[PDB]
Amino acid sequence: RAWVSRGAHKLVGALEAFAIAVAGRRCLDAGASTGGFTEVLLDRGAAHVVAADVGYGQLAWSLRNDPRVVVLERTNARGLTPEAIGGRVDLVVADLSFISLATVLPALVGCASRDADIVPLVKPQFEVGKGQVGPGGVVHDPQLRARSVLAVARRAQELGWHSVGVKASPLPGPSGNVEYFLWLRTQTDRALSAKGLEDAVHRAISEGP
Ligand SMILES: [Cl-]
């Protein structure tokens, strides 16, 4: 509940920062821990949302019963395919815990159309190496958070997916980690250059939540 509010607030921050249209589009929520992302997508006029159930907890039935929502069960983010979700989508969102986006990005890409937006939430606490998460489970070093974002961007680019924008999530995670949405597209004329991405990342880190 409180958690659904928090998820919804985060994704509105992302959609607005990036000017991504949702109306009439097919969407995938790659790790629906809360129905927050899903509710926002419905609210902003998605034609259809595939919500991948994480296997613990429970998405609200009222969400499951919505005619525009398919809850996909028994399948973590790396296992997702077009076949599994009923075809390629126009918008992919992911708020995943305890896993690096580098490992999941190939499946997410595999679920996306040519013309799609992919907007993962980069969580440095699950990207940095051992010894680098500080006291309280937070990545305190802003340069490490920046590198985290750049590493995911590099991984995406190896896959043909360019970085178009970065935006700090307006709420920190519950233990205090600042987390960052990265906007990825493969068909674009406004892809950030290396310097352009560095600038985008540095401003996002300096802004904060
Ligand atoms: Cl956190």
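Data block above holds the structure.
Residues numbered from 1 in each chain as written, not as in the entry; some residues may be left out. Heavy atoms only, no water.

As for empty space enclosed by the protein
- In total, this model carries two cavities of 30 Å³ or more according to the counting rule given.
- The wall of the largest cavity is formed by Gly7, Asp29, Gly31, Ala32, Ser33, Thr34, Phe37 and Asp95.
- Here the element with the most residues in the lining of the largest cavity is strand β1 (residues 26–32); it accounts for three residues.
- By residue class, the composition of the lining of the largest cavity is two nonpolar, four polar and two charged. (1 Å grid on protein atoms, 1.4 Å probe; cavity = no way out; pocket = protein on both sides within 12 Å on 5 of 7 lines; lining within 4 Å. Points joined across faces, edges and corners; volume = space filled by probe spheres on them. Helix = DSSP H or I, 4+ residues; strand = E, 2+ residues; numbered from the N terminus. Nonpolar A, V, L, I, M, F, W, Y, C, P; charged D, E, K, R; others polar.)

Quick word on the nonpolar core
- Membership of the largest hydrophobic core comes to 40 residues, with the highest contact counts inside it found for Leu28, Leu80, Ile85, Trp161, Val166, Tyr180 and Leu182.
- With 24 residues, the next largest nonpolar core counts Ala8, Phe37, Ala46 and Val69 among its residues. (Core = buried A, V, L, I, M, F, W, Y, C linked by side-chain atoms within 4.5 Å. Buried < 20%, exposed > 50% of the residue type's maximum accessible area, 1.4 Å probe, protein only.)

Some details on the side chain of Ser113
- Structurally, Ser113 is set in strand β5 (residues 112–122).
- In this structure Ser113 comes out as buried when scored by relative accessible area, which is 16%.
- Other than its neighbours up to four places away in sequence, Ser113 contacts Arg88, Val89, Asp90 and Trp161. (Contact = heavy atoms within 4.5 Å.)

Considering helix α2 (residues 36–43)
- Counted residue by residue, α2 has six buried out of eight residues, so it is predominantly covered.
- Regarding α2, the residues found buried are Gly36, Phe37, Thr38, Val40, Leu41 and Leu42.
- Phi turns positive one or two residues past the end of α2, at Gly45, with a value near 95°.

Some details on the packing of aromatic side chains
- Tallied over the entire structure, the rule returns two aromatic pairs.
- Between the NZ or CZ atom of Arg64 and the centre of the ring of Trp61, over which it lies, the distance is 4.1 Å. (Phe/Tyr/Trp six-rings, centres within 6.5 Å; stacked < 30°, edge-to-face > 60°. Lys NZ or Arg CZ within 6 Å of the ring centre and 35° of its normal.)

Regarding the pattern of salt bridges
- Scanning the entire structure with this criterion turns up ten salt bridges.
- Note that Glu198 is salt-bridged to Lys195, the shortest N-O span being 3.8 Å. Placement of the pair is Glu198 and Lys195 together in helix α7 (residues 194–207), with a separation of three residues, close to one helical turn.
- The class for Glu198 is partly exposed, based on a relative accessible area of 40%.
- Accessibility expressed as a relative area gives 62% for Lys195, which makes it exposed.
- It is possible to trace a salt-bridge network through shared partners that takes in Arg25, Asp115, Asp117 and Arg185. (Salt bridge = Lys/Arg side-chain N within 4 Å of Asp/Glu carboxyl O.)

Quick notes on the layout of surface pockets
- For the largest pocket, the calculated volume is near 970 Å³.
- Looking at the largest pocket, it is lined by 43 residues, and the ones nearest its centre are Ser33, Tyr56, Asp95, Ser97 and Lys123.
- Contributing elements (two or more residues each) for the lining of the largest pocket: α1 (2–18), β1 and β2 (48–53).
- When residues of the lining of the largest pocket are assigned to their parent elements, the largest contribution, five residues, is made by α1.
- Residue classes in the lining of the largest pocket are distributed as 16 nonpolar, 17 polar and ten charged.

Coordinates in, geometry out; function isn't part of it.
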